[PDB]
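Reading through the structure tokens given below for one structure.
As a basis for the values below, the full set of heavy atoms in this structure was taken, side chains included, without hydrogen atoms, waters or symmetry mates. Position 1 is the first residue of the sequence; numbering continues from there.
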Amino acid sequence: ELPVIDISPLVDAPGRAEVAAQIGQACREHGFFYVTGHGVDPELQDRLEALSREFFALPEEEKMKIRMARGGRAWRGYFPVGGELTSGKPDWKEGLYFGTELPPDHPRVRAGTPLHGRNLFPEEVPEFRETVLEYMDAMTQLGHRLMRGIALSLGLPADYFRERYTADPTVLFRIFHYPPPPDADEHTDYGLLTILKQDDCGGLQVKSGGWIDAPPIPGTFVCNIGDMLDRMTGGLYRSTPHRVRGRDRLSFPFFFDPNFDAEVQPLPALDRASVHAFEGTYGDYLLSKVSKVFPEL
Ligand SMILES: [Mn+2]
């Protein structure tokens with residue numbers, strides 16, 4: 001049975017010892033887990049999906065007004081079919097790249113740090129901007145709470161992450177649209193935690209040994225472990241190998257990752273061994289992976 005964890009105690013409810021234990025079991029046995037009781041408003045989620053379908057149904061020429069080339073070093077905007085390079089060929093996939101909304105007078109923008117700056121939003125869906133940023137705020141708060149549960153599940157103090165790597169976290173948010181195939185015909189996330197919202201007719205899969213379906217479950221987010229959490233636990237919490245295998249699907253992966261300048265180190269007690277070998281900051285690490293998916297910029 002797939003692990004579905006009620007995380008209400010980490011959100012708005014009285015404490016329950018079993019929550020941290022269940023998170024630990026899920027990371028050790030499965031590498032991923034569903035969460036319920038996350039506190040993210042369902043109407044906000046429904047409005048994010050509705051405004052997303054509205055955007056992807058626009059004409060291509062309108063969608064390309066917020067194409068990623070206009071996002072600059074901030075790494076934001078729209079990509080059409082073929083716009084992402086995965087498995088060595090342009091992907092039959094379109095989507096949207098978002099990150100923290102930073103004003104131009106923010107020090108990171110004034111320093112010209114890659115992956116920092118403003119998001120792009122379409123003139124044609126005027127209420128999309130507010131919905132997206134409210135969702136990112138809700139998910140950023142959920143991320144911090146889930147890292148506490150992850151800390152507890154390792155026998156650590158609950159604020160272990162907040163005090164070292166995630167006080168000022170790297171938050172990345174994408175909206176992916178998979179059209180039905182034109183004809184009839186594996187990876188790991190790089191940060192700490194992926195919090196994924198799936199649509200109902202979603203088709204996601206995760207490894208085990210065996211590829212298993214991680215079907216959509218109402219009221220849940222699917223969470224999995226990233227390369228940096230793998231590194232920090234010396235491989236105890238294994239970064240989750242997954243893939244998307246039909247018709248028209250939307251998905252909304254949210255990534256809760258370390259500070260851009262954080263050097264995530266293995267716990268001394270688990271440091272017995274990319275990933276475990278990598279010298280540099282999370283920003284260095286993230287930047288290398290971004291250079292491969294978009295050779296443009
Ligand atoms: Mn992924």
Closest non-hydrogen atoms of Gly37 and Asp6, given as atom of the first, atom of the second and distance, are CA-OD1, 4.0 Å
Taking atom types as modelled, is there a side-chain donor on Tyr237 or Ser153 under 3.5 Å from an acceptor on the other?
yes
Does the side chain of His116 come under 3.5 Å of the side chain of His106 through a donor N or O and an acceptor N or O?
no
Sequence neighbours excluded, the answer for side-chain hydrogen bond (donor to acceptor under 3.5 Å, both in side chains) partners of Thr220 is none
Does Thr170 reach the main-chain N or O of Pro258 with its side chain, forming a donor-acceptor pair under 3.5 Å? yes
> Do the side chains of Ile66 and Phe55 get nearer than 4.5 Å, heavy atoms only?
Replying inline: yes
With sequence neighbours left out, the residues meeting side-chain hydrogen bond (donor to acceptor under 3.5 Å, both in side chains) with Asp46 are none
**Q.** Salt-bridge criterion met for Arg47 and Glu43 (N-O under 4.0 Å)
**A.** no
Polar side chain donor-acceptor pair, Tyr178 to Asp248, under 3.5 angstrom:
no
*Should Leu204 and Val4 be regarded as members of a common hydrophobic cluster, given that ILVMFWY residues are connected when their side-chain heavy atoms come within less than 4.5 Å of each other, either directly or indirectly?*
yes
Original post:
Do the side chain of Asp271 and the main chain of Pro266 share a donor and acceptor less than 3.5 angstrom apart?
Top reply: no
Quick one: does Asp91's side chain have a donor or acceptor within less than 3.5 Å of a partner on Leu85's backbone?
no
Please check if any side-chain donor atom of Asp257 sits under 3.5 Å from a side-chain acceptor atom of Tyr165, or the reverse. no
| message | Strictly distance-based, threshold 3.5 Å: is any side-chain N or O of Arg76 a donor or acceptor partner for the main-chain N or O of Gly72? | response | no
Kindly say whether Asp227 contributes a backbone atom to a donor-acceptor pair with the side chain of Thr188 at under 3.5 angstrom?
-> no
Those residues at least two apart in sequence (or on a different chain) that pass salt bridge (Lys or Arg N to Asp or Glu O under 4.0 Å) with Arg148 are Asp159
Kindly say whether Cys223 contributes a backbone atom to a donor-acceptor pair with the side chain of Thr194 at under 3.5 angstrom? no
- Task: Without swapping roles, check the side chain of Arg67 against the backbone of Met64 for a donor-acceptor pair under 3.5 Å.
- Result: yes
Checking the side chain of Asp284 only, and the main-chain atoms of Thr281 only, is there a donor and an acceptor separated by less than 3.5 Å? yes
Hey, are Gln45 and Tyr135 close enough side-chain-wise for a donor-acceptor pair under 3.5 Å?
no
What orientation do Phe254 and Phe173 show, parallel under 30°, tilted 30 to 60°, or perpendicular over 60°? tilted
- Could you tell me whether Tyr97 and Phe294 have their ring centroids closer than 6.0 angstrom? yes
ask   = So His38 and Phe221, would you call those rings parallel, tilted or perpendicular, with 30° and 60° as cut-offs?
value = tilted
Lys/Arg-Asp/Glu bridge criterion (N-O < 4.0 Å) met for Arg118, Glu101 = yes
Looking at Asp168 and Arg108, does any basic side-chain N land under 4.0 Å from a carboxylate oxygen? no
Item to check | Cation-pi geometry met for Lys63 and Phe56 (6.0 Å, 45°) | outcome: no
Residue set satisfying side-chain hydrogen bond (donor to acceptor under 3.5 Å, both in side chains) with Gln141, at least two apart, ordered chain then number -> none
Applying side-chain hydrogen bond (donor to acceptor under 3.5 Å, both in side chains) to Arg162 and not counting sequence neighbours gives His144
The salt bridge (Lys or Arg N to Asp or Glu O under 4.0 Å) partners of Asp12 (sequence neighbours excluded) come to none
Side chain of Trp92, backbone of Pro180: donor and acceptor closer than 3.5 Å?
yes
Compute whether any side-chain donor of one residue and acceptor of the other, for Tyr78 and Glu60, lie under 3.5 angstrom apart.
-> yes
If hydrophobic clusters are built from ILVMFWY residues whose side chains come within less than 4.5 Å, do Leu102 and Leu172 share one?
no
Looking only at heavy atoms, the pair that brings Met136 and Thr100 closest together is CE-N, 4.2 Å
Strictly distance-based, threshold 3.5 Å: is any side-chain N or O of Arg73 a donor or acceptor partner for the main-chain N or O of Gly112? yes
Between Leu152 and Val19, is there a shared hydrophobic cluster once you connect ILVMFWY residues whose side-chain heavy atoms come closer than 4.5 Å?
-> no
